[PDB]
Amino acid sequence: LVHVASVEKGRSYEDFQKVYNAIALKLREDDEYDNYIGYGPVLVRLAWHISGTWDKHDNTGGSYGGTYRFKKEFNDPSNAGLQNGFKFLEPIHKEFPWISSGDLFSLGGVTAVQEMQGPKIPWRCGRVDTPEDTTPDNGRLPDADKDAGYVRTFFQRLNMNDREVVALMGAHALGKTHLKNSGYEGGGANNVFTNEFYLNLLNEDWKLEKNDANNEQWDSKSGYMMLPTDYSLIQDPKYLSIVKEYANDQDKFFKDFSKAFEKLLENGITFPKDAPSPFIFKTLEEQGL
Ligand code: HEM
């Protein structure tokens with residue numbers, strides 16, 4: 001099964017920078033969502049969940065086909081709460097109806113990371129909407145109540161190694177958990193991209209508590225929280241080394257995150273030899289907008 005990228009007809013860098021700007025202006029304007037966190041964190045989670053269905057063994061799932069627009073994937077229990085990200089993007093898609101669904105959902109994640117002062121993430125266009133029958137079944141996204149061995153094994157399906165996994169998990173410095181979405185509650189409610197996930201893991205005094213949904217989570221008196229799969233990164237000696245590396249080197253973390261997140265968003269896609277080079281979008285701030 002091969003998914004060949006095909007550039008939206010006649011479109012070039014300038015077209016996609018217009019779409020980036022539309023998403024970025026809306027992130028700035030619609031600022032009250034989720035108690036003033038804004039939509040940045042949910043758009044990052046959305047880009048990850050539409051990509052995280054990929055299976056390296058048969059090349060099914062992944063961001064290419066934009067299949068989250070179909071009921072089976074939209075209603076996956078693992079995707080509860082992402083409807084808010086979908087509603088945010090819908091008017092953008094109406095304004096630019098030429099962009100494919102996979103391109104829009106993945107570009108939403110790139111725009112959110114950059115506008116939250118994260119690293120630049122190169123991004124390639126040419127995902128093509130595929131039919132409803134290509135939608136992966138539910139149950140490909142990970143559980144949170146597991147240990148390090150589970151996390152490592154899970155991510156082998158997406159062709160990610162230990163450094164890639166620990167870099168990708170740094171996105172958990174953003175946003176919060178919501179009891180009604182996932183059975184977990186709390187978090188720092190942060191909307192600026194930093195390496196604070198690693199600093200908090202190493203520096204806070206974590207307590208294992210049970211929440212109102214009867215699930216265990218790790219809580220600190222500062223108001224931070226970690227899922228069991230987050231805490232597993234300091235229980236496994238290989239993950240722990242890399243957590244310490246990113247707690248001590250913000251630039252290294254930004255560089256490794258950028259590469260792992262681009263790879264996540266591109267898994268399963270074949271880019272022709274004559275495809276355009278990846279784009280690097282300017283932020284609103286760099287444009288003076
Ligand atoms: C073992 C892997 C992972 C598990 C089990 C996990 C699980 C979760 C859960 C349960 C939530 C809370 C959802 C809610 O209640 O609203 C969440 C939030 C989030 N996750 Fe993950 N996740 C994982 C990996 C990742 C990765 C790789 C990224 C992105 C690179 C990501 C980005 C996010 C973001 C940004 C949020 C906050 C969303 C918001 O504030 O609305 N996660 N995750």
Side-chain angles (χ1 to χ4, degrees), residues 27 33-54 63 76-88 105-106 108-113 115-116 118-119 121 139-158 160 162-197 211-213 215-218 224-233 236 239 246 253-254 256-265 267:
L27 281 168
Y33 173 73
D34 212 2
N35 287 119
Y36 289 88
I37 293 168
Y39 282 91
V42 74
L43 291 179
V44 175
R45 188 176 205 233
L46 178 61
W48 139 238
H49 277 210
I50 60 103
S51 296
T53 57
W54 187 62
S63 69
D76 185 345
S78 301
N79 285 335
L82 292 182
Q83 301 93 335
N84 292 310
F86 183 87
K87 288 198 204 311
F88 174 96
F105 297 149
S106 63
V110 167
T111 300
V113 170
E115 294 295 309
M116 289 189 289
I121 314 295
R140 297 185 175 207
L141 291 163
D143 292 335
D145 62 342
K146 304 280 195 279
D147 65 4
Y150 172 87
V151 171
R152 178 167 286 117
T153 297
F154 175 86
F155 275 102
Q156 287 170 353
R157 203 196 72 218
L158 295 176
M160 298 292 181
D162 287 350
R163 178 168 293 279
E164 290 168 321
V165 169
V166 175
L168 282 170
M169 215 72 72
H172 274 180
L174 299 168
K176 65 185 290 296
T177 62
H178 309 84
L179 204 71
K180 56 143 192 206
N181 288 345
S182 61
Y184 293 98
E185 181 62 50
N190 173 54
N191 59 11
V192 179
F193 195 98
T194 65
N195 67 337
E196 278 146 13
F197 175 80
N211 66 33
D212 289 344
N215 290 318
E216 288 189 315
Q217 55 177 71
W218 292 93
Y224 302 130
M225 70 83 74
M226 297 280 170
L227 298 164
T229 45
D230 293 323
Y231 193 82
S232 83
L233 301 184
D236 173 277
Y239 283 153
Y246 295 151
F253 165 57
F254 270 33
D256 286 353
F257 183 86
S258 179
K259 285 188 288 202
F261 194 62
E262 179 174 10
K263 177 177 168 176
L264 178 71
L265 296 170
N267 270 337

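One-based numbering along the sequence shown. Remember, it's 1-based here, ligands and their atoms both numbered in the order they're listed.
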Using a 3.5 Å cut-off on N/O to N/O, what pairs does ligand 1 make with the protein? A line per pair would be great.
residue  : atom   : partner : partner atom : Å
ligand 1 : 15 (O) : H178    : N            : 2.8
ligand 1 : 15 (O) : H178    : O            : 3.3
ligand 1 : 15 (O) : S182    : OG           : 2.7
ligand 1 : 16 (O) : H178    : ND1          : 2.7
ligand 1 : 16 (O) : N181    : ND2          : 3.0
ligand 1 : 20 (N) : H172    : NE2          : 3.0
ligand 1 : 22 (N) : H172    : NE2          : 3.0
ligand 1 : 40 (O) : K176    : N            : 3.0
ligand 1 : 40 (O) : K176    : O            : 3.4
ligand 1 : 42 (N) : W48     : NE1          : 3.3
ligand 1 : 42 (N) : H172    : NE2          : 3.0
ligand 1 : 43 (N) : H172    : NE2          : 3.1

How are the rings of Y246 and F253 set to each other: parallel, tilted or perpendicular (split at 30° and 60°)?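 The rings of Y246 and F253 sit tilted, inter-plane angle from 30° to 60°.
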Assign the ring pair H172 / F197 to parallel, tilted or perpendicular, where the plane angle (0 to 90°) is split at 30° and 60°.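 Perpendicular.
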Between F193 and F257, ring centroids under 6.0 Å: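 Ring centres of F257 and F193 closer than 6.0 Å.
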Under 3.5 Å, is there a donor on one side chain and an acceptor on the other for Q217 and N211?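 There is such a pair between these side chains.
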Taking atom CH2 of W48 and atom CZ of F261, what is their separation to the nearest 0.5 Å?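 Rounded to the nearest 0.5 Å, the CH2-CZ separation comes to 10.5 Å.
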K176 bridged to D34 by N-O distance under 4.0 Å: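 The answer is no: the pair does not qualify as a salt bridge.
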